[PDB]
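S.K.: Quick one: the structure is below, questions incoming.
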Amino acid sequence: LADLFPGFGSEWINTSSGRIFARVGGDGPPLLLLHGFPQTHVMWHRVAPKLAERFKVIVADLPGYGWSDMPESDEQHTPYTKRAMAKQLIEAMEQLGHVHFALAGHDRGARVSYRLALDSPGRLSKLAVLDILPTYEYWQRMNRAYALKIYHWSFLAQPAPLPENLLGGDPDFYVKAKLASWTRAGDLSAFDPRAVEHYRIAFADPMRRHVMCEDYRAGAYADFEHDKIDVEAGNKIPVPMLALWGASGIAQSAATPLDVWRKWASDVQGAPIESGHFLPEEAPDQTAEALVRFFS
Amino acid sequence: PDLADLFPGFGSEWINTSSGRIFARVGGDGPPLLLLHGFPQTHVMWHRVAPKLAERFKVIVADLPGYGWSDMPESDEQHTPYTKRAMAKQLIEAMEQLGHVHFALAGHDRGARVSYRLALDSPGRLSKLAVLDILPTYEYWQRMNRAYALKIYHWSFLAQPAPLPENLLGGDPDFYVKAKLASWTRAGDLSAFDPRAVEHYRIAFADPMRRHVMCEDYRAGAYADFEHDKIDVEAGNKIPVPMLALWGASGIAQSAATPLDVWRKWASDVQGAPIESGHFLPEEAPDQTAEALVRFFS
């Protein structure tokens, strides 16, 4: 596996729920970057170098993802709920002396991110989410058209071991199908081939695949309920946040993203990017420029 | 293929139609009654209620087009041969080959979708209609919410463009077909099925060409079947044939809405009763299903 963060350090951060692997680089205000499915921290390898010019960039693998430890799940998928992942990452940042930091997330990491901002808003200076609406919003707009588009939200949430057994016949196919299908081009040309190998090797592990399904199971139940409580209470994110989405990504399909995020955040700024779902890889310059301008 | 004859005394017929052969087990005498199976099953799912029905009717237990031992017509981009409108036309053709232009019809799961679509497109072909543990395809997609998407996830999963579901089903087809059978029962396991019948479902599911047909069925159910259904809704077209709507107490139809009140918006003459069962009524509750079918059809 190639080193896609030249000049970055490598930290194994002990937490109560297991170690968090993270690439660390740059100097200045701390900036935590969180990846999503079916990816690892290396999806940031094209925009984290630019972020390292201005920030202490911490490129972390999600709990259970990449090289981070995999906490054993339970019937409620607790460790892979976004609320528990946020607590673990807060604990991880405390190990480095970061009790107040900027945070940008993509896909699952973005769901950890906005959940972090709702649960522990005092930990974030600024927040950025990439090509997501809140989990509640995806489920509340799960009509026929949307159910066909993000079928994997219902499929991967099926009880174990149904998705795990089906994924176990050809994991390379599914991980590359998911990467290709969500891009603007519809193939794998946007990604670095070395980055694809990072995602393919991580997806080759049956334990890692179970974790991702547990992530999606928590996304269909516990994550939805924690969100549902916040909507119906009217709890908004007070942290100033940036909402980035691809013009042909996932978030723009179900709704107009900025109007949705204005219901969830008292101070949200939104901008589209001509790209599919993988903004930091399909459009690295535009995403990096947007994150540098926001967090500065 | 060493399977089991679950229809003793029933003859076997390969009915030639324009789009390919329809396999059927034929038994009994009297008025013609066509029985249509669903997913992920074959005609043998009727093996516990077909004999009791054969006491009164010429029972025809047919594999759906592309299912079981019926031929698999070449599909197209629109999945035409596996839309319920084309399947009903092919079965109408098949029944004509036996001299049956007016017949009773009982369908379960996918076969029930062929059945009510048949009743909507050619009601003159049906004397009476029985649908088992389904609501119209349009109603499922209309009531699509978080709870339903997790419940009938395979409606979205199998409808994905090829070869995504085909390749995933190939990862463990034996587990999948058995998981579908077990998860939709009341018991939650395979104890409601005859093991010889499970062998029928597993062998058909072991063939990748058959699994591709099933995905074509579900692609049709997510697109053309929905569009065909939607037009009847917007035009207010109702099923005029006297129909019976049976559903399991723990089946798929009770999740979204109460099946009798839904089917009353699709049909002018409909009665219904819940059967203490999961989705597979004729195997989980054979005595209860056959009696209700016998009473309604006679």
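Going down the list, the protein sequences come from chains A and B. For what it's worth, the deposited numbering labels the leading residue of the first sequence as 4, then goes sequentially. For what it's worth, the deposited numbering labels the leading residue of the second sequence as 2, then goes sequentially. Cβ coordinates follow ideal geometry from the N, Cα and C atoms, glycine included.
#1: Going straight from the alpha carbon of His103 (chain A) to that of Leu127 (chain A), what length do you get?
#2: Taking Cβ-Cβ distances shorter than 9 Å, what residues in chain B pair up with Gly171 (chain A)?
#3: Pick from A:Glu78, A:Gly12, A:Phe58, A:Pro82: whose alpha carbon is nearest that of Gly67 (chain A)?
#4: Below 8 Å on the Cβ atoms is my contact criterion, and I expect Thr18 (chain B) with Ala95 (chain B) to pass it. Report the Cβ-Cβ distance as a whole number of Å.
#5: From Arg22 (chain B) to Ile16 (chain B), what does the alpha carbon distance come to, in whole angstroms?
#6: Which value, in whole angstroms, describes the spacing of the CA atoms of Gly31 (chain B) and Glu97 (chain B)?
#7: Would you say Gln79 (chain B) lies against chain A (beta-carbon separation less than 8 Å)?
#8: Residues in the same chain with beta-carbon distance under 7 Å from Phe206 (chain A), minus the five sequence neighbours each way, listed in chain order, please.
#9: Whole angstroms is fine: what's the gap from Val115 (chain A)'s alpha carbon to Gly108 (chain A)'s?
#10: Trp142 (chain A) CB to nearest chain B CB: under 8 Å?
#11: Residues of chain A with a CB under 9 Å from the CB of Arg203 (chain B): which are they?
#12: For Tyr177 (chain A) and chain B, any beta-carbon pair shorter than 8 Å?
#13: Got a sec: is the Cβ-Cβ distance from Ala163 (chain A) to anything in chain D below 8 Å?
#14: If distances are taken between C-alpha atoms only, which option among A:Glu78, A:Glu56, A:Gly28 comes closest to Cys216 (chain A)?
#15: Does any residue of chain B bring its CB to less than 8 Å from the CB of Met145 (chain A)?
#16: Which class does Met244 (chain A) belong to by DSSP, given the choice of helix, strand or coil?
#17: Considering only residues of the same chain and omitting the five flanking positions on each side of residue 307 (chain A), which have a CB-CB separation below 7 Å?
#18: Could you say which of B:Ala63, B:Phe24, B:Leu119 lies nearest to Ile240 (chain B) if we only look at CA atoms?
#19: When the Cβ atoms of the segment 258-268 of chain A are set against those of the segment 156-169 of chain A, are three or more pairs found closer than 8 Å?
#20: Counting only runs that start and end within the segment 170-230 of chain B, where is the beta strand (DSSP E) found for 3 or more residues in a row?
#21: Along chain A, which residues have their Cβ under 8 Å away from the Cβ of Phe158 (chain B)?
#22: Measuring alpha carbon to alpha carbon, tell me which residue in B:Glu292, B:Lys59, B:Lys85, B:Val132 is nearest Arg265 (chain B).
#23: Could you pull the start and end residues of the alpha helix (DSSP H) that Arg26 (chain B) belongs to?
#24: With respect to the beta strand (DSSP E) encompassing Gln289 (chain B), which residues constitute its N-terminal and C-terminal limits?
#25: Give every residue of the same chain whose Cβ lies closer than 7 Å to the Cβ of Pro137 (chain B), excluding the five residues on either side of it in the sequence, and list them in chain order.
#26: Give the residues of chain B in contact with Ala150 (chain A), contact being defined as C-beta atoms less than 7 Å apart.
#27: When the Cα atoms are used, what is the spatial distance from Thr186 (chain A) to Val45 (chain A)?
#28: Taking the C-alpha atoms as reference points, what is the distance between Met210 (chain A) and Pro74 (chain A)?
#29: Pick out whichever of B:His101, B:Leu7, B:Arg57, B:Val50 has its Cα sitting closest to the Cα of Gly29 (chain B).
#30: Just to confirm my understanding: we take residue 1 (chain B), look at its own chain, exclude 5 residues before and 5 after, and list those with CB closer than 6 Å. What are they?
#31: Within 8 Å of any Cβ in chain A, is that where the Cβ of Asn168 (chain B) sits?
#32: Taking the alpha-carbon positions, what's the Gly279 (chain A) to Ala150 (chain B) distance?
#33: Nearest chain B C-beta to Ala221 (chain A) closer than 8 Å, yes or no?
#34: What is the rounded straight-line gap between the Cα of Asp208 (chain B) and the Cα of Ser13 (chain A)?
#35: Are the C-beta of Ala183 (chain B) and some C-beta of chain A separated by less than 8 Å?
#36: How many Å lie between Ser251 (chain A) and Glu277 (chain A) at the Cα?
M.R.: Reading from the atomic positions:
#1: Taking the straight line from one Cα to the other gives about 5 Å.
#2: What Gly171 (chain A) touches in chain B, judged by beta-carbon distance under 9 Å, is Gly172, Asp173, going in chain order.
#3: Out of A:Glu78, A:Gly12, A:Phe58, A:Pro82, A:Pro82 has the C-alpha closest to the C-alpha of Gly67 (chain A).
#4: Going by Cβ atoms, the distance from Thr18 (chain B) to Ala95 (chain B) rounds to 5 Å, so yes, they are a contact pair.
#5: Using only the alpha carbons, I get a separation of about 5 Å.
#6: Distance between the alpha carbons of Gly31 (chain B) and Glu97 (chain B) is about 16 Å.
#7: Look at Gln79 (chain B): its C-beta is not under 8 Å from any C-beta on chain A.
#8: Cβ within range, chain order: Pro41, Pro174, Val178, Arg212.
#9: Separation of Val115 (chain A) and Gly108 (chain A) (C-alpha to C-alpha, rounded to the nearest whole angstrom) is 7 Å.
#10: Chain B has a Cβ within less than 8 Å of the Cβ of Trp142 (chain A).
#11: By Cβ distance, chain A contributes nothing, its closest Cβ being about 15 Å from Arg203 (chain B), past 9 Å.
#12: Chain B, which has a Cβ nearer than 8 Å to the Cβ of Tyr177 (chain A), makes this yes.
#13: Included in the structure are the protein chains A and B, with no chain D among them.
#14: Comparing Cα positions, the closest option is A:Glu78.
#15: Yes, contact with chain B.
#16: Three-state DSSP puts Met244 (chain A) in a strand.
#17: No information on residue 307 (chain A) is available, as it lies outside the stretch 4 to 299 that chain A covers here.
#18: If we check each option's Cα against that of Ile240 (chain B), B:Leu119 comes out closest.
#19: No, the segment 258-268 of chain A does not touch the segment 156-169 of chain A.
#20: The segment 170-230 of chain B contains no whole beta strand (DSSP E) run of 3 or more residues.
#21: Near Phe158 (chain B) (Cβ distances below 8 Å), the residues of chain A are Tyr154, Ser157, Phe158.
#22: Cα-wise, what sits closest to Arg265 (chain B) is B:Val132.
#23: Counted as a single uninterrupted DSSP element, the stretch harbouring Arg26 (chain B) is not any alpha helix (DSSP H) but the beta strand (DSSP E) occupying residues 21-28.
#24: Taken as a continuous stretch (DSSP letters only), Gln289 (chain B) belongs to no beta strand (DSSP E), being part of the alpha helix (DSSP H) at 287-298.
#25: Excluding sequence neighbours, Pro137 (chain B) sits near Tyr117, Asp230, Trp267.
#26: Ordered by position in chain B, the residues that pass the 7 Å Cβ test against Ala150 (chain A) are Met145, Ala150, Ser157.
#27: If you take the alpha carbons of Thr186 (chain A) and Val45 (chain A), they lie about 17 Å apart.
#28: Taking the straight line joining both Cα atoms gives about 11 Å.
#29: Put simply, of B:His101, B:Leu7, B:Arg57, B:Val50 the residue whose alpha carbon is nearest the alpha carbon of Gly29 (chain B) is B:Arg57.
#30: In the structure as shown, chain B begins at 2 and stops at 299. Residue 1 (chain B) is therefore absent and cannot be evaluated.
#31: So, interface residue.
#32: Rounded to whole angstroms, the separation of the alpha carbons of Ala150 (chain B) and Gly279 (chain A) is 24 Å.
#33: For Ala221 (chain A), the nearest beta carbon of chain B is not closer than 8 Å to its own beta carbon.
#34: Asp208 (chain B) and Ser13 (chain A): Cα-Cα distance of roughly 49 Å.
#35: False, the Cβ-Cβ gap to chain A never drops below 8 Å.
#36: Rounded to the nearest angstrom, the two C-alpha atoms are 7 Å apart.
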